[PDB]
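Shown below, as structure tokens, is a lone chain in the form deposited in one PDB entry; questions about how it binds or moves come after it.
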């Protein structure tokens, strides 16, 4: 069997109509996916699916970046790809000319990450396993073979990664049973989009708690008076026991961030996400030093494992977000999860975007089983949008993610959805733009 085509689609959803996903930095995002399919000449079931998440404009550029990887992947043996995902990833990340466009950051790296993710989807499908089990059931040797240890020898070596993975082997099966029976903790951000009225914020916050979520997140960062008012209203709506996180989406400078949080601390903050630039490691550390013990996090825009290494080394975070589509695919997220485990820093996956809940749940679950054995101390983000467009939509029960069962990364989208929302010739857009 061989990969006979790399198909790409520019799919965009009009989330801006109701300001779903709105925040202090992105006031009107249109959740989009640079969707990719690795087609094979095997069974219709044998294909890999993946996507890069963007928020509208630029999605065509992101799609073109993914399409440019066809030369590298078309013609490859499926058996060889799924048997050495490290080699598959390296063919792309070690292309020095593509590295120049990054290296390992921005559009070109996310495009590479989507194709790598599609390869893991293909591997899991071939193994007839949901991705989280596929990953968690690989041997420690197989797992480290997929990781790029360059630039990490000062923090995580192959031998050190092997040790962590081997330490978990005895409890892998038991943890798998626990996850299947109990699900994984989740928190929701849907009640907190910044573009919503105070009335809507309160209504949704209450519905979130009524739905079983033990934690919710509010967007902040544009106006301190608005933030004080909204945080007070939300805290009153959810009660004193529910956790409430806030997210500034990179809006502040170091000094202003510390002063801003000084005005929100009274509302019992679970953590402040992305108080400043996603590139400012020293800055996050300075902010953390100034607002401690109020927890600081960042991660959804962290470009690669090298920056994550520094965030951990510098003590710039109390917890981190990981994102399924921001980095170099599964291979890179495995390195990031191992780094987090070694440094004893909790991971709260980001999932604010179309298909992100579907994808990232697998990484968190694989981590629980094969890496940390810890989930009750953390949570996976959840947003109540666009799940209807996926064949295997995430399922939430009493505020917890149920473990996926069908084979794959849960990335496959309904062809009808692609036909309706492809930009700009999709049925919805042709009429909307008209």
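Throughout, rigid core stands for the largest set of C-alpha atoms superposing within 1.5 Å between the two forms. Residue numbers count along the first chain shown, from 1.
Quick note: we don't show the form deposited in another entry, though the next part is all about it.
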query = Following superposition of the rigid core, which of 238, 152, 144, 138 is the only residue with a C-alpha displacement of 2 Å or more between this form and the one not shown?
reply = 238
request  = Answer yes if the CA of residue 206 moves 2 Å or more between this form and the one not shown after aligning the rigid core, and no otherwise.
outcome  = yes
task = Taking the rigid core as the superposition reference, indicate whether the CA of residue 229 shifts 2 angstroms or more between this form and the one not shown.
result = yes
